[PDB]
Structure formats: structure tokens, C-alpha cells
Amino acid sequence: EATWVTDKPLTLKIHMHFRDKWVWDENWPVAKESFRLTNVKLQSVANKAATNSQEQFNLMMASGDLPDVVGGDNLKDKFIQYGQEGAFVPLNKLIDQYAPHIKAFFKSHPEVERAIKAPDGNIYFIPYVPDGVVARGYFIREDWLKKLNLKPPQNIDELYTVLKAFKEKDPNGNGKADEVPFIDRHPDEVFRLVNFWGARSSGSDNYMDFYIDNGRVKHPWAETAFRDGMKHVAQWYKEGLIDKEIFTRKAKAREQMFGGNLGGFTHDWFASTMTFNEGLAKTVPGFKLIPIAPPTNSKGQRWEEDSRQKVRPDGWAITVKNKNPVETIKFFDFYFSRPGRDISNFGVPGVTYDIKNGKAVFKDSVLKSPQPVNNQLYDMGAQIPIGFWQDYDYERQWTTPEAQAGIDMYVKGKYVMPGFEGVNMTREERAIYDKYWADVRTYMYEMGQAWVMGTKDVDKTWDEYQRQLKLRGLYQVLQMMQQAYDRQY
């Protein structure tokens, strides 16, 4: 083909483990199409049965028989760290000489290129570049509001009242107290509930991210506002307003809790969450989620903390052991070209989409399925966190008119907080970040889970928490980031 990057079929070994559940699959329809178009085939050497993607990365890197390519989600920091240590090769020259689509992309998106570079100036991975503006929003069961003769909640006091009514007043009508007012497929969203009491939970679409407040680098989970917000979240969990299994239900929470007519309220992405309106029309009579503006928080503001990232901390890299770096960067380049963006965004021609008027258009069966289109695509190897350039037109096609009115409402309302994009640390500053931040984050999450589940009291353990943050190096990390901030700005 005209899109081939090599004349002889080339097989590369990839270690890709993502979202704690999935691996590259050469027998994916999209992987087969990838091979057809590029003449490069990726063979997985990852453990399909393993259940923690970050631990699989760590194991593989420690094991001495490195693959040719490493890919996955939440690997930016490790791509940079181990790139500098020489396990991943710098891509700057390879891109300049052999990857015209990536080169053009970075030229038009210099902020993205700057955001993925290591302190030594090297590019150690090609990223997942999202396309879009908003990410999550709030959704509530309008049919339950109607049955209970309640209005959509305008503020946090009204939200509490409405969730309490969902809990206590049997809106699914079975005479059982089985309603679970707040559910979420991302456990981390339980902490984002602190927004309703004027506390940040994150500076970005990455959970538990740093943020900038009045020229100061802060971590949201270290602030007293977070302490006070978490007291409210713990009380909601105690009262059963939050899914008891919020920390373990995970990916199919909507299918289980909306499909089972148990859930009343969530914070999740506009396109896929609103698909459940048509998806459940048959099996759950009357089901209707509506987007609502964030209920006014305790400080008088409507917050949407989440936003679409300019670039995600995901993608793939070329290892030092890869004997075909030129073919590999050309293969990478395919996913920033139109033919490669088609399959990585839309799937396989004649299976999920067709070219019509020169553009990829999803088939009717795809657009009508109760399964959200991005889930359909995951199952065949598209919309996966390789290095690729996402195309928002894929998403437009299954964004319902009602979902779009929600998006436009959030844009017009200016609810969406601008995200933290990072600071430009030196090698020595980032080394402190590398030393401490993962340990701190793990400690934070464990404490937060205990607070939510009520096994630790927030007020009674806050001093210990702060002592721990200090001896685990959080404030050293903040110091380093503040230094980088002060130079930058």
C-alpha cells in the first residue's frame, strides 16, 4: 500500500498494558487493519491476566529482556524518567527526519510538544492527543425528579435533599430501599464531590493533580478546604447517598446501576453517559438522564473541575533494544496521518465505518447500539491509549442533540476550570518529584478511602496526615515545582 512503512513485513514486540485490564491484541480488527496499511505488526509480550498496569510496567522494565515498543496510560512520568536513564530512545531526530505528520502536528501544537519533553529537551514518547473541549459533567435522573415532584437541584443544599429523596422515597417503585443516589464508574469521582464545598480535588482531568492558586503551586489534597470537604463526603457515604461499592464497582457502574434502575446521579462524560437514554429506553421505562449545571457549591460558585486535556499522559515509546527505530517512528507517524487517524478513531472500514463524502462515517448499527461507541471501539483496538491524534468528529457523530445542549450549556456558563498543564522542572527538580510523588499519591488515596468509608475520622487524623505528607516529601515536591513555576512565569 501507499501507507506501508516497510517493504518486508516487520514484527515488533510491544509491552502495552492499560486501564488495569487490557493489552495490545494483534488479532484485534483494528490491529489487523493497522498491519494491512503499514506492513508492521505488533506482538504483545504483556501479561493479559495481570490487573495493575503500572506494576506491569515496572516489572517489565526491571526484567532485562526489553520489548521493542512500550505503550499505555499514565506513563508520561516514567517515559521521561527512564528516557533520561536510557531505556527509551530520544525521538527528536527520528521525528525530524522520518515522521512528517508528527513533525507537522508538533509545529501546529508547540504547547503539546513542550508539555511532553523531558528536562534534557528530549521527546521520549508520542502521546495520546485528545480532541475536544469539555470532559465530564453532572447528570441526574429527570424521570425520578418528576415522579417525586422535585425540581432539578440548583445548589448543594438542594442536591442533598434530592439525593436523600432518591434514597428514601423509592423512585424505582419496588418497595425496596435499593436506590443508590450517587454512582460513578470512576472511584476517584467520590473525592471530586468536595467541589460542592469549595475544595479542589485536582488541578486537571488527571485525578489528584497539582494546581496553581494565585501564583502558588498547591496540591488540593493537602489543603484544609479538602479536610473540611471530606467531612461532608464521609457523611454522605455514612448516610448511603454514595454507592457503598464506589471504590470497587468501577468500569461498568453505569450498566449495572443505571441498567438496573438503582442509580440517580453521576459525574461522567457527556457523550457516553447520555447514550444511556436511548440505550435503556426499552429495558427501563421512563429512564431519562439530563445534564445539569453544577449545583452552586457552598461558596456560591458552580464548579466543573474536569476538562479535556490538550495531551494525555499516555502513549508509546521506542526502547533502546529496538533494532528498527526508523521503521518504528514511521509506524508511529501513521497514527498522525489521515489514514491512521481513521482506523484509530473509527475502527475498520466496512465493519464500523465507511468513507462517505471523503470522511469516516459510523454505520447505522454502531450509532444505534446501546453500547457507547467508544466502548465498541475499545473492544476492537480503537480509541486506545497509544500515540495517536484523536479526531473529535468521531465523537460528534454519537453525541446526541441533548448531550450537545449540555455541552453548550457548560461552555456558555463558563463552569469548566482551566486545567493544570505542568511546570518546567530541571533534571534535579524532577528527580525529587520522581522520588516522592508516587509514594505520596498512594498514601493520599489510602487515607482518602478510609475517610470516605468511615474507618478513620478526618479531624482526628489530619495532623498525622500532614506529618506523613511532610515526611513522604510532598512539600519538597511542591518546593521544586514552585521553583520551576517562578522561573517559567
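Residue numbers here begin at 1 and follow the sequence given.
When 237 to 245 is weighed against 303 to 311, 237 to 245 comes out higher, by mean CA B-factor as recorded in the entry. Look at the C-alpha B-factors of 283 to 291 and of 331 to 339. On average they run higher in 283 to 291. The residue among 117, 218, 254, 176 whose C-alpha carries the highest B-factor in the deposited model is 176. Per the deposited record, the Cα B-factor of residue 150 falls in the highest third when ranked against the other modelled residues of its chain.
The deposited CA B-factor of residue 188 belongs to the lowest third of values across its chain. Per-chain ranking of the deposited C-alpha B factor places residue 467 in the middle third.
Ranked by Cα temperature factor within the chain, residue 393 sits in the lowest third according to the deposited record. In the deposited entry, the Cα temperature factor of residue 429 places it in the middle third of its chain's modelled residues.
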